[PDB]
Amino acid sequence: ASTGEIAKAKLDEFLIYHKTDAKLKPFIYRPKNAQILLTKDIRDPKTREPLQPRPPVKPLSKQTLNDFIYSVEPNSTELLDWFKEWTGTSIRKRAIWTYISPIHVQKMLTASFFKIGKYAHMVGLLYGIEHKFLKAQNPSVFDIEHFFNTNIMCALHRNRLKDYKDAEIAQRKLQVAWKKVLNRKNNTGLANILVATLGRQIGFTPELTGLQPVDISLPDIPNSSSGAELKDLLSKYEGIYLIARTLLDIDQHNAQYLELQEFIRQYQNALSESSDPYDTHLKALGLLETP
Amino acid sequence: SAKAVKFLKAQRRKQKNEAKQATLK
Amino acid sequence: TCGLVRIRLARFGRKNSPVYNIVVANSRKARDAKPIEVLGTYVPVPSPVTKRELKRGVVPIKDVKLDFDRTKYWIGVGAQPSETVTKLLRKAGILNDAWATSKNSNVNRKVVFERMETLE
Amino acid sequence: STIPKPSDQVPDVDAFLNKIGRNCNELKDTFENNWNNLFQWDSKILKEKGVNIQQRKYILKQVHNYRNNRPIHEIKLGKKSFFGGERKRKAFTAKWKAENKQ
RNA sequence: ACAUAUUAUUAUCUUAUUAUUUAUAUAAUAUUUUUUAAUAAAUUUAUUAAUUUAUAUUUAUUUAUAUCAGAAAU
RNA sequence: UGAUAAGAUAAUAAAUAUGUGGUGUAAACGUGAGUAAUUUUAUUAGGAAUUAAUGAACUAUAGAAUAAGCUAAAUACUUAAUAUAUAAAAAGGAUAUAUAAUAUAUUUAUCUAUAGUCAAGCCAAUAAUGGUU
Ligand SMILES: [K+]
Ligand SMILES: [K+]
Ligand SMILES: [K+]
Ligand SMILES: [Mg+2]
Ligand SMILES: [Mg+2]
Ligand SMILES: [Mg+2]
Ligand SMILES: [Mg+2]
Ligand SMILES: [Mg+2]
Ligand SMILES: [Mg+2]
Ligand SMILES: [Mg+2]
Ligand SMILES: [Mg+2]
Ligand SMILES: [Mg+2]
């Protein structure tokens, strides 16, 4: 019924298809074999009724998981349970282990912190399962523009919301985060700004190997106002809008950089007609803090 | 039948040889 | 013991008085079935020494009859001795310490008498 | 042979009788926590003390292991499969698959 | 006479199973092959479901021969 | 490691043989129904077709052990690669050490080839109870 409910059904059908046995796939999903399936009377696992034909499964849309992520209730384990079931699949199922994109992990980390309120257990499922992704030939998901930056951004908010000021825990956690990055391709340059802001906030001097200086290269959405092309473009650059607004709000040193404010102007004025992503998230963090 | 056609083929062969013995004797 | 050709003891004699043939046998045949060859005999009961002999220093002797040459041939073609036969062959000097195991390895035990080959 | 020395894992006879297992902890009163008795009593003495055939042989094997610095951890006796011995497995399995899963 | 039991045999009848050998499929699977939608990714390609195409491997039915056994006769 | 503890990783110590795998039951044991011999027994210094790319499983020696798929995973299974007209293969595990998963070392297994050992197939000659009512 709801967008979340529909997305979950699509995501659960996709997994059931790719977890089905290869010998039995042609007889359970090709509608021309419905009568051959009946005759064989294969018995559904769990000693249930014999298996029945299912509608053929087609490649799933990457937007399907973005809809489910933002439907999870304010305090729920649904996102943490889906990920644990999805990433428990064999690494031989390429369709399952290549569906996850860098955008999905960013949206799983930003939703968990500001909406679902289970960030700690979402950063442990990702840290724990990173080894399987490498074995499954999908290391790109753990990058600097979607995984590292989103993590440091959520840290710059938890360290404030919670007041954490230890200069040893922060550095240790920052080192682990950088060690968890498998696709180190700094492009926007916001990573260096985010790392420097963390050091000022927690009174330490960051020093990570391989994070070479990169000048800001914020993607500028054009003044042209399209429809689904600009709704996708904004949603595409939604993560870096949450990082630009975060950088300025946490520390006023980032106000020095004028590239950050241009993107705010462009991304905000691009669809200022609609609501604000940054503010909408922070409200929920307060609605979750109160509990 | 296949067994009735084999029987007759053999019966004719045996009778040809029994006659052969009489022609030789 | 492994392999298809094994050197092992086949039991003869009577109840409570066992004697053995040293035989080369197919692994799958019965213990007392007619073997490939009978290499020798083993009498497990030591010869009793008299009171005087004991003080005199005589040690009880277990008697083994064995075809040394034929035994070496069967070891050469890969026949596998049983544990008891292995002990007998090591004491005869046919096999060496390479056939010893960790449980019976007498690495540190004093030798009171050295193996002596004589003619009689 | 000679009397080995108590260790930290096996401080006394009671600890020795518990590590080896096979219900040998039920002989703690036969030995009376005397270290020397465990390492001097042979089969004949143990038989006179009421230790049954299987246990006394098992103790003597573990006493020899201890004397030689070999592990004395309990090794369990074999047990038949859950579905029974091989000769009665086909019948048992057939009657267990018609009363559990139908 | 005969009523019984047992066995054997067959130009006969019926026949499980199996082997071998026929014909057939809009049969299944894989690959190839002709196209066709849906979906997805990227900005043509992939996937799935169909269709066409041959190929191999199976399946169902079917033709013929032999066959446990039983029936009848001796 | 995970800013709160759900999980992940490694080391260590245990558990599991109601999941997938391996090896083992062509032997041994028992019996004498059938079997009078195209088949069974016994014997011979017997034989050829002038007996397989058979090793069954130990010995000696030499070499090899590759890539995918399928299963939850594998020393399971499947399809390929390369190896004596040429054909025909495989498998890792344990423990250390050094590295950034890989490499060596040790240990135990896998595959192939050659010979040995054990062990097979087939044939001949001669003999093997009673009744010709
Ligand atoms: K009997
Ligand atoms: K008989
Ligand atoms: K090895
Ligand atoms: Mg062995
Ligand atoms: Mg018949
Ligand atoms: Mg099992
Ligand atoms: Mg037999
Ligand atoms: Mg390999
Ligand atoms: Mg594999
Ligand atoms: Mg295999
Ligand atoms: Mg192959
Ligand atoms: Mg008469």
Side-chain angles (χ1 to χ4, degrees), chain A residues 10 14 17-19 21-27 29-33 35-37 39-40 55-64 77 80-81 83-84 87-95 98-99 101 113 118-132 134-135 154-155 158-159 161-164 166 169-170 172-173 175-177 179-180, chain B residues 1-11, chain C residues 1-6 24-33 36-37 73-80, chain D residues 73-74 76 78-84 86-87 89 92-93 96-97 100:
Chain A
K10 298 166 56 180
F14 198 66
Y17 177 64
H18 287 299
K19 288 198 176 177
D21 173 64
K23 308 176 182 180
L24 296 174
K25 278 193 196 189
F27 303 110
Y29 289 90
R30 298 175 178 180
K32 82 184 180 296
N33 283 7
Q35 307 312 298
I36 296 164
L37 178 71
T39 54
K40 292 176 171 185
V57 182
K58 304 179 181 301
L60 189 72
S61 176
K62 294 202 170 175
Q63 179 60 54
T64 307
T77 53
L80 289 157
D81 294 0
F83 195 66
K84 187 183 168 183
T87 65
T89 309
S90 165
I91 63 92
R92 300 155 44 251
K93 319 311 310 206
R94 312 308 299 117
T98 61
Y99 177 65
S101 64
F113 180 70
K118 317 196 69 56
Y119 188 64
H121 289 180
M122 182 56 62
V123 178
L125 281 185
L126 279 170
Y127 284 18
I129 208 60
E130 177 175 334
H131 73 274
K132 212 171 177 181
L134 178 63
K135 304 170 188 179
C154 299
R158 181 170 61 181
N159 284 352
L161 173 56
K162 309 310 173 185
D163 293 345
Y164 301 126
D166 196 305
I169 299 169
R172 296 154 51 186
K173 289 186 175 294
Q175 293 297 336
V176 171
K179 181 176 179 180
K180 292 287 183 178
Chain B
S1 176
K3 303 189 187 173
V5 169
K6 283 187 66 169
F7 166 92
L8 292 171
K9 185 185 177 183
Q11 194 180 29
Chain C
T1 176
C2 62
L4 297 174
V5 179
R6 297 175 191 182
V24 177
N26 296 273
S27 53
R28 297 271 50 84
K29 293 224 70 173
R31 180 195 73 191
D32 302 339
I36 300 152
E37 289 197 2
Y73 162 79
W74 284 112
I75 300 300
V77 294
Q80 296 278 4
Chain D
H73 71 288
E74 179 185 23
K76 298 175 190 175
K79 61 179 187 172
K80 305 279 187 184
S81 165
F82 176 84
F83 298 109
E86 288 172 318
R87 286 187 179 97
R89 193 170 299 170
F92 178 100
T93 300
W96 174 96
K97 289 176 173 168
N100 291 46

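Sequence lines set the chain letters: A, B, ... in the order given, protein chains first and strands last, and positions in each chain run from 1.
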Tell me whether the bases of E:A16 and E:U15 count as stacked, where stacked means ring centres under 5.5 Å and an interplanar angle below 30 degrees.
no
Integer angstrom distance from the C1' of E:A56 to that of E:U10:
46 Å
note: A:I91, atom CD1; F:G69, atom P; distance rounded to Å ~ 8 Å
Whole-Å distance, D:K79 NZ to F:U16 P, equals 6 Å
Is it true that F:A8 and F:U38 form a pair, Watson-Crick or G-U wobble, with both distances below 3.5 Å? no
Is E:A73 the Watson-Crick or G-U wobble partner of E:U9, both distances being under 3.5 Å?
-> yes
Here the distance between atom P of F:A119 and atom CG of C:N26, to the nearest Å, is 5 Å
Stacking between A:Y164 and F:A3, defined as ring centres under 5.5 angstrom apart with planes under 30°, is that present or not? yes
Discussion item. Which label fits A:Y29 and A:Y17: parallel for a plane angle under 30°, tilted from 30 to 60°, or perpendicular past 60°?
Written reply: perpendicular
| said: Could you check whether any side-chain N or O of C:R6 sits under 3.5 Å from a backbone N or O of C:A25, counting only pairs where one atom can act as donor and the other as acceptor? | reply: no
| So, do E:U10 and E:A11 stack if we ask for centres under 5.5 Å and planes under 30°? | no
*asked:* With the cut-offs of 5.5 Å between six-membered ring centres and 30° between planes, do F:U18 and F:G19 count as stacked?
replied: no
Against the side chain of A:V176, the closest entry in F:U117, F:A72, F:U1 is F:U1
Against the side chain of B:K3, the closest entry in F:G55, E:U67, E:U29 is E:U67
> Is D:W96 touching bases, backbone alone, or none of the nucleic acid, heavy atoms closer than 4.0 Å?
Replying inline: base
Per the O4'-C1'-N9-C4 / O4'-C1'-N1-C2 angle with a 90° window around 0, F:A109 comes out anti
Q.
Whether A:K180 contacts F:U9 is assessed here as follows: a side-chain N or O lying under 4.0 Å from the phosphate OP1 or OP2. Is that the case?
A. no
| said: If we ignore hydrogens and angles and just use 3.5 Å, is the side chain of A:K132 paired with the main-chain N or O of A:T87 as donor and acceptor? | reply: yes
- Six-ring stack, E:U29 vs E:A30, 5.5 Å / 30 deg cutoffs: yes
Polar side chain donor-acceptor pair, A:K10 to A:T64, under 3.5 angstrom = yes
F:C118 phosphate, OP1 or OP2: any side-chain N/O from C:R6 under 4.0 angstrom? no
**Asked** Per the atom types in the model, does the base of E:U39 pair as donor or acceptor with the side chain of A:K58 at under 3.5 Å?
**Response** no
Here the pair of heavy atoms bringing A:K135 nearest to A:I91 is O-CD1, 4.1 Å
So, going by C1'-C2'-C3'-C4' where positive is north and negative is south, F:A88 is north
Ranking D:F83 and A:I129 by the position along RNA chain F of their nearest nucleotide, the one closer to 5' is A:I129
Review point. Does a nitrogen or oxygen in the side chain of A:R172 sit under 4.0 Å from OP1 or OP2 of F:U1?
Key: yes
- Query: Under a 3.5 Å limit on both key distances, is there a Watson-Crick or G-U wobble pair between E:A56 and E:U29?
  - Reply: yes
Item to complete: Report yes if a side-chain nitrogen or oxygen of B:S1 is closer than 4.0 Å to either non-bridging phosphate oxygen (OP1 or OP2) of E:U12; otherwise report no.
Response: yes
Review point. Taking atom P in both F:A11 and F:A101, what distance in whole Å separates the two?
Key: 11 Å
**Prompt:** Both distances under 3.5 Å, Watson-Crick or G-U wobble: does F:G46 pair with F:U41?
**Reply:** no
Assert: residue with more 5' nearest nucleotide on RNA chain E, out of A:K62 and B:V5, is B:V5
With respect to the phosphate group of E:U29, does any side-chain polar atom (N or O) of A:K32 fall under 4.0 Å of OP1 or OP2? yes
Practice problem: Check whether the six-membered base rings of F:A88 and F:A89 have centres under 5.5 Å apart and planes under 30 degrees, and report yes or no. | Solution: no
Taking the P atom of each, how far is F:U43 from F:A60, in whole Å? 37 Å
*A:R30 side chain N/O closer than 4.0 Å to the phosphate oxygens (OP1, OP2) of E:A30?*
yes
Open item on the list: Would A:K40 and A:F27 count as a cation-pi pair here, with the cationic atom under 6.0 angstrom from the ring centre and within 45° of the axis?
Closed with: yes
Note: for A:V57 and A:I36 on RNA chain E, the residue whose nearest nucleotide lies more 5' is A:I36
Query raised in the report: Reckon C:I75 touches a base, only the sugar-phosphate, or nothing at all at heavy-atom distances under 4.0 Å?
Result: nothing
Separation of the P atoms in F:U16 and F:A8, to the nearest angstrom: 22 Å
| F:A72 phosphate, OP1 or OP2, under 4.0 Å from A:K132 side-chain N/O | no
